[PDB]
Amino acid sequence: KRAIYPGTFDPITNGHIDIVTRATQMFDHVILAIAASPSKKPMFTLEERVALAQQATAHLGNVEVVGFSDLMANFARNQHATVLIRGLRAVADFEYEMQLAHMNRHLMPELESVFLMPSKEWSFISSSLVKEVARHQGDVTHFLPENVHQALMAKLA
């Protein structure tokens, strides 16, 4: 059983690590798929986000980190994944995820959308909040893998 976990991951946080870790305990192979996501004008390049997520997930033996610009339902099919994973935190995410799941079902009905809820520890954070706290000299070491915190400090310096 193969699952894909697609997202912008700009940068990957402990909330994303929590989700991908739970996914590795349920599936034989997990593809952590990083979208180029130019409409979000990311802080980190796609190559930087892939290297960061690779170093942050290296302790999980069945995780493969890749980048993509394709329609996520096509990319799942190309990874031979029958499950597409998304984390669920808040009501805003839930409404967006319902639209995304129904569209993905229309495009690839054999691809199952599965939702996981992160630890309470990460239920009130996002990459966007973390970046803004760090932009204002707020400490975010608790929310990010060590290598990601280093890269975020380096990018803002």
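Numbering starts at 1 and runs along the sequence shown. The term rigid core refers to the maximal set of C-alpha atoms that superpose within 1.5 Å between the two forms.
J.: Rigid core fitted first, then name the stretch among 87-95 and 111-119 whose C-alphas deviate most from the displayed form in 8 other deposited structures of this protein.
T.: Greater root mean square C-alpha distance in 8 other deposited structures of this protein: 87-95.
J.: Between 62-70 and 30-38, which has the larger RMS C-alpha deviation from this form in 8 other deposited structures of this protein after core superposition?
T.: Most displaced of the pair in 8 other deposited structures of this protein: 30-38.
J.: According to the deposited model, is the average Cα temperature factor higher in 89-97 or in 102-110?
T.: So the stretch with the higher mean C-alpha B-factor is 89-97.
J.: Which is higher on average in the deposited entry, the C-alpha temperature factors of 11-19 or of 139-147?
T.: Comparing averages over the C-alpha atoms only gives 139-147.
J.: For the listed residues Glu121, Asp28, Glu132, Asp70, which one has the largest C-alpha B-factor as given in the deposited model?
T.: Most elevated C-alpha B-factor of the set, per the entry: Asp28.
J.: When the deposited Cα B-factors of this chain's modelled residues are ordered and cut into thirds, is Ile34 in the lowest, the middle or the highest one?
T.: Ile34: CA B-factor falls in the lowest third of its chain.
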